[PDB]
Amino acid sequence: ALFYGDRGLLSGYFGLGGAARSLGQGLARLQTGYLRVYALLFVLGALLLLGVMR
Amino acid sequence: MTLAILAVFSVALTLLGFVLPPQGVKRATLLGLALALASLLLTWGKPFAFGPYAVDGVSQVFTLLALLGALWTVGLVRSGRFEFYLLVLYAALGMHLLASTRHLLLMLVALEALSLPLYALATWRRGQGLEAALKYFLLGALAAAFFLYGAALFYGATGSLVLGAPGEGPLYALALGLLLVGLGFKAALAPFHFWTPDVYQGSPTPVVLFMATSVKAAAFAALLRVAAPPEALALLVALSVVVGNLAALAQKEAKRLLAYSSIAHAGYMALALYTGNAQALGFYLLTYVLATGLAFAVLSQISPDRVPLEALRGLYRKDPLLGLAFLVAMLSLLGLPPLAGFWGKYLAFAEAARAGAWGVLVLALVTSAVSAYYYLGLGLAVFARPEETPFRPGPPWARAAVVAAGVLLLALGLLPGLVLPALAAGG
Amino acid sequence: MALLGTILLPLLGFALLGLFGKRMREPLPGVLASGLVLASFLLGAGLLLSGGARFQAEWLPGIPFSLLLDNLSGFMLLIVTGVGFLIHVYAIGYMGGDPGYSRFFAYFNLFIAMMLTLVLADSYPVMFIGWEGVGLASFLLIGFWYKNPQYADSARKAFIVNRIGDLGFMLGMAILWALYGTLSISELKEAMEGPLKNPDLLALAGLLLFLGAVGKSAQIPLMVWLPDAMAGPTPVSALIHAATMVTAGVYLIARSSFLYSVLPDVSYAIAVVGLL
Amino acid sequence: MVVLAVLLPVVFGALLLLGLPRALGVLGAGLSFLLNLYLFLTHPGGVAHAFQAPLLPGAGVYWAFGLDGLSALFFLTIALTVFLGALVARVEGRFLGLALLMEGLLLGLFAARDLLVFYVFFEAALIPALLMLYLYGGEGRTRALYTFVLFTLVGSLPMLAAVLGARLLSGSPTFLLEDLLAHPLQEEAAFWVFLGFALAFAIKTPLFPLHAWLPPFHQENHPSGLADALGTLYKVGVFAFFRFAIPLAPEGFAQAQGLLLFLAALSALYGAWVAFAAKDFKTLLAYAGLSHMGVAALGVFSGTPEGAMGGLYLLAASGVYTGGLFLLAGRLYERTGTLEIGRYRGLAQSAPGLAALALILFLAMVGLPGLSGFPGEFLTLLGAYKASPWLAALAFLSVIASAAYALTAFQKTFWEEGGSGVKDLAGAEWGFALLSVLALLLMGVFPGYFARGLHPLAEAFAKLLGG
Ligand SMILES: CCCCCCCCCCCO[C@@H]1O[C@H](CO)[C@@H](O[C@H]2O[C@H](CO)[C@@H](O)[C@H](O)[C@H]2O)[C@H](O)[C@H]1O
């Protein structure tokens, strides 16, 4: 029982792995290849950094 | 003067290349870059201040590295169009200027000086290369606009266009942010990093080597000159680190994964900015330019237009020393002891913690541990069974290049007390 | 030193039958074995007749290595080594034409040595070398003819069920250390002159000691292991059931008499479990 | 002196990696063994053979080395274990060089007299560990590797935040352990630093929820399992706690201590309990290791000089018989072809007193008194009961499970019905048996001599948790 349980624990850690995988290919999916998108995300970003400082 | 060598060689070679064979012009640009570099080594600890131009420790180290990138990138590009060396000289001088002033407007001029010929170097005329050039150029010009408006707001909040001017309240801050936009874009910090993957994947590989090393170097040199505030610094860091490594996980192509890797690495480097130590940053970028330069030379020996990760596999059997040097590069980029990369990362982290930026620091460390996924997925992949993969096993030039520069890495991993004593003022 | 001789003889002897053993013809290992037991009984009874014996030496800090030979120890020594001797000389006969003569008598000397280490002990941990040792030697012997699945599981159950009680032994042993800080039966008795301290806790220690004894002398609930110990050769059953092993169950209570005599509650339970 | 002993396996290993052949590196493990053993029987006190050299000074980083009572004992333990692995081997794809390299790295790891160099070695040892995992065996090499590597490093890199904080927040001039201790942290700084040490040390201990890397690792190494022995010598977590995590930030250790004792306890019980279910020697030995480390960590976590000395001792001595069981599992693997316990049942009578060797080792593992496991296990019990009696008991519902798995496996691997047959014992395997059992018997019968140096360190680093 506890053996297979432990197998499930390791499995869950792998689950975290896949969580980082998922989030990762989500952040890489942000780059469509479309330049207008890049400009939008850019201006947005600038607004963000500017919003943080003063 | 280094600037003298660069100017002379550039202007001369422009018209001399009409009377010279392309190869002879390569010999030329090589010699000139080398001479600039040598002039640098001979004046180590000179500080030579002219007008807005100023050669101190920062200019010395960062233009040393940038010139090293120019040297290596020129080495690999036998392809005969004398401009495809000339422009590298142009860019090189420009990067030097960029690292050599606190003058905002001369800085802008230097930014255009280095980034204008690069838009051109993104052309192996590949349809994807053209896309890269276009993206790089548009996003670049917009960033330029922001940096210029930042300079005008800096001159707004203070009577000067020189960095080091005392600095007001709100308008000063707004100015620094508007500068950090353009400068950050140029160093591939989030959220100003979008261009990097497309451009690295799209551009011809040796050109990409030139970019990911020299450009980043000069960019950070110029970032040391800015009074970068803790808050903005934190933002840039956290975003660049996270997006860097995490997006890097999803990459199935080599160059693009290395671009994302460079975004995360810019993230780590920015930590040094917390104190603006510059001794740390210098070291870090020494290790980085070495290992990245190596990696991209190796990635050049496979394919210039694009490289899938499978191509890396079996590299050891093919060339043992390129396999080993590539692994070493991957480990030094991981920041794993006893390699120089570990010392660079440590030296930046050190300034982060010294500055008391703990949450940011820890975050960086966690996702840095994450980064061990993909750095190993290459270095180890060296030993896998070879897929049918393109390989031009290089000249003595490149083999001894990758090998020597590689040896340097663990050489400084064991003995950072060699180069670190004076990456400072030069004593 | 000579006291330690009594223990070392069926070990310096034991080791020969494991190291060599098959190097010899087949009246011999029994003769060596029974000879060392002979001159353990003898050359320990000389000590007993000399008035008694002692040994104290280097071990873990605060917990020295002590053998005491007094009347209560001499009695056990004579029972174990004497009856053991006779059963050895018998085993020379009943074990015959059986390969593993060397195995058998090596295990026998091992057993004897362990039991002597058990009875000759002035500190509970050395006594514990005794307990676990004797249990181990029981395991080796119960599963002597190992080619049998039943006569393996027998010994497995031995060294497991026994270790259940051994755990209690350990626990009580620690309680009688947090409390007193001596762990040596003599100075543990001399420090239990007086008002005692935390009598509830002391009762716990004695109770875990008892729950230790239960396994080794096969009292309930750990009764269940002993009937299955039949698996090994007959004279093994003789040694385990009469001259050794289960005897230690009683002997531990007898040495720890200073502890149980001040425990009205616990002794009651001990007697009840005995009768049950 | 010290640096010679740290470097000797490193150079011999390096001379092995490229140079070859094995034997010149086997006598290398022998030379390191004799040197370290000589070093065990000589030194008077805590300092021993000091070493101090500049490395990054201005950073506060120095090459600093020396042998406590503890360091000496481990130099002996490690040199021995690895040497046994070397003369037995049957791996010898000439990566015994990687083995010696990792040996030297670990030796440096224990001789490390300052925090950052300790860190350096802690992570650097990961390199051979990961290599001999990748390029020298296992179907699931890659998953075991990325799991092991990512685990240790996700624990490790944030510890760097703590190692910095240890010096920075305390205002300590350098990274030298002595200086760092001469400058105490305050609460909610000592908390965080201790925590940052504690994740990396618990995960590398391993403690219960953080142990999941251990079974995949031990399965996918070369079936002989030299890399497994060395992987077990890389289980430096408990030591790391005792020497570093606890003394540098005791205020935090105080808060975490209940949880730590808990995790240690249930790690012991749990490990030994599921150890039963293992159907291969790799998995079995792995979970058994988890149990042992549970016990050791329990010993340290208790405060109590007794328990601490016991835990450190247990770690030391368990290195030898765990490594040994791994190597032996490999040696019956080589003659049979599988690490499955069930198949190829009766080996005794086909094999000589190989049954004796294996059984001696298994008895050392279950902690039979007179063998190495018991002294440490016992002092640990002594201290644990002082700390929290209930967790001492819970954790010591273990010995039952230990006898269970060890004797079940032993019976089904050796005692039952005769199989095909086997080899007897190799000329190397005899050196193995002799030297091994000699060691087990000496550390089990004279735990007086070994661990004498453990005494002052134990009570002093116990009073550390006092006033
Ligand atoms: C300081 C010096 C160290 C001394 C300590 C050495 C003691 C080792 C002995 C341990 C058990 O030794 C035991 O006896 C022998 C030795 O090969 C083995 O027995 C084998 O040889 C015997 C010899 O009569 C055969 O009869 C038997 O069929 C066979 O199984 C057996 O496998 C082993 O389990």
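Quick reminder, even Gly has a Cβ in these numbers, built from the backbone with ideal geometry, and neighbours come from all protein chains shown. None of the figures in this text is laboratory data; all of them are computed from the coordinates on show.
Under the combined filter of DSSP loop state and at most 12 neighbouring Cβ atoms within 10 Å, the range B:1-79 retains these trypsin sites (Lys or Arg not before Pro): B:78. Take the residue pairs B:135/B:186; D:235/D:386; B:252/B:318; D:204/D:282; C:22/C:216; C:197/D:463 and return only those whose Cα atoms are more than 24 Å apart. Distance filter (> 24 Å) returns D:235/D:386; C:22/C:216; C:197/D:463.
Just to verify a number: FRET efficiency for residue B:152 and residue D:438, C-beta to C-beta distance, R0 = 56 Å, to 0.05? The pair residue B:152/residue D:438 has a calculated efficiency of 0.10. Looking at the calculated P(r) for the range B:293-387, what percent of the C-alpha pair distances fall above 20 Å? That tail contains 43 percent of the Cα-Cα pairs. Residues C:26, B:351, C:132 in ascending order of nearby Cβ atoms (within 10 Å, fewest first): C:26, B:351, C:132.
Note on residue C:257 and residue D:279: their simple-model spin labels are 5.6 nm apart, each label 7 Å out from Cα toward Cβ.
Label positions at residue D:430 and residue A:1, each projected 7 Å from the Cα along the C-beta direction, are separated by 5.1 nm. For the range C:66-147, the normalised intensity computed at q = 0.11, 0.17, 0.18 Å⁻¹ comes to -0.33, -0.71, -0.77 (log10 of I(q)/I(0), Debye sum over alpha carbons, equal scatterers, no solvent). Kindly state, to the nearest 0.05, the FRET efficiency for residue A:9 paired with residue C:271, given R0 = 35 Å and r defined as their beta-carbon distance. Efficiency at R0 = 35 Å is approximately 0.10. The Cα atoms of chain A define a convex hull whose projected area, averaged across directions, is 5.9 nm².
Shown for B:81, B:399, B:125: other C-beta atoms within 10 Å of each C-beta, ranked fewest to most, produce the order B:125, B:81, B:399. Rg ratio for the range D:19-144: its Cα radius of gyration over 2.2 N^0.38 Å, N being its residue count, equals 1.16. Computed log10 I(q)/I(0) for the range C:1-105 at 0.13, 0.24 Å⁻¹: -0.54, -1.17, from the Debye equation with unit scatterers placed on every C-alpha and solvent omitted. A straight line joining the Cα centroids of the range C:109-152 and the range D:392-425 runs 17 Å. In the protein assembly as shown, a dipole from Cβ-located charges (positive for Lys and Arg, negative for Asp and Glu) runs towards its positive end, and of D:240, B:237, D:56 it is B:237 whose Cα lies farthest in that direction. Potential lengthening of the chain between residue D:18 and residue D:178 amounts to 53.7 nm, from the contour at 0.36 nm per residue minus the alpha-carbon distance.
Listed by chain and number, the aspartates and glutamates placed with their C-alpha closer than 20 angstrom to that of residue C:189 are C:70, C:122, C:200, C:265; residues fewer than eight positions away on the same chain are left out.
Under the classification rounded if a/c is under 1.5, otherwise prolate if a/b is larger than b/c and oblate if not, where does the range D:114-157 fall, given a ≥ b ≥ c as square roots of the Cα gyration tensor eigenvalues? Verdict is oblate for the range D:114-157. Plainly put, chain C has a radius of gyration that is 0.98 times its Kirkwood radius, both from alpha-carbon atoms, as the Rg/Rh ratio.
Per-residue extension of 0.36 nm, minus the Cα-Cα distance of residue C:186 and residue C:220, leaves a gain of 9.3 nm for this segment. Computed about its Cα centre, the charge dipole of chain D is approximately 580 debye, with only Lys, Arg, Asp and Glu carrying charge at their Cβ.
Loop-located chymotrypsin sites (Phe, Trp or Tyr not before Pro) in the range A:9-40 (DSSP state not H, G, I, E or B) with no more than 14 neighbouring Cβ atoms inside 10 Å: A:34. Between residue B:400 and residue B:12, the distance separating the two model label sites (each 7 Å from Cα on the Cα→Cβ line) works out to 2.5 nm. Both radii are taken from the alpha-carbon atoms of the range B:239-357; with Rh as the Kirkwood radius, Rg/Rh is 1.01. Calculated on the alpha-carbon coordinates, the convex hull of the range B:143-211 measures out at 89 cubic angstrom per residue. State the percent of C-alpha pairs, over all pairs in the range C:137-249, separated by a distance greater than 18 angstrom. Summing the P(r) tail past 18 Å for the range C:137-249 gives 55 percent. Backbone N atoms of the range B:144-159 closer than 12 Å to the 7 Å Cα→Cβ label point of residue B:171 belong to residues B:152-159. Membrane-span-like helices of chain C, defined as complete DSSP H segments with a Cα extent of 20 Å or more along the helix axis and a mean Kyte hydropathy of at least 1.0, are identified as C:28-49, C:71-94, C:101-119, C:124-142, C:199-216. With neighbour counts taken as other beta-carbon atoms within 10 Å, the residues B:220, D:450 rank, fewest first, as D:450, B:220. Convex hull volume per residue, computed on the Cα atoms of chain D, equals 120 Å³.
As a calculated quantity, the FRET efficiency between residue C:98 and residue A:34 at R0 = 60 Å, using C-beta atoms, amounts to about 0.10.
Any idea what the relative contact order of the range D:247-363 is, in percent, if you count C-alpha pairs under 8 Å spaced at least 6 apart? Dividing the mean separation by the residue count of the range D:247-363 yields 22 percent. Cα-based radius of gyration for the range B:69-178, normalised by 2.2 N^0.38 Å, reads 1.29.
The ellipsoid equivalent to the alpha-carbon distribution of the range B:1-144 has semi-axes of 25, 20, 12 angstrom, derived from the gyration tensor eigenvalues as √(5λ) and listed largest first. The alpha carbon radius of gyration of the protein assembly as shown, expressed as a multiple of 2.2 N^0.38 Å, is 1.08.
Reported value for chain B: 125 Å³ per residue, from the convex hull of its C-alpha atoms.
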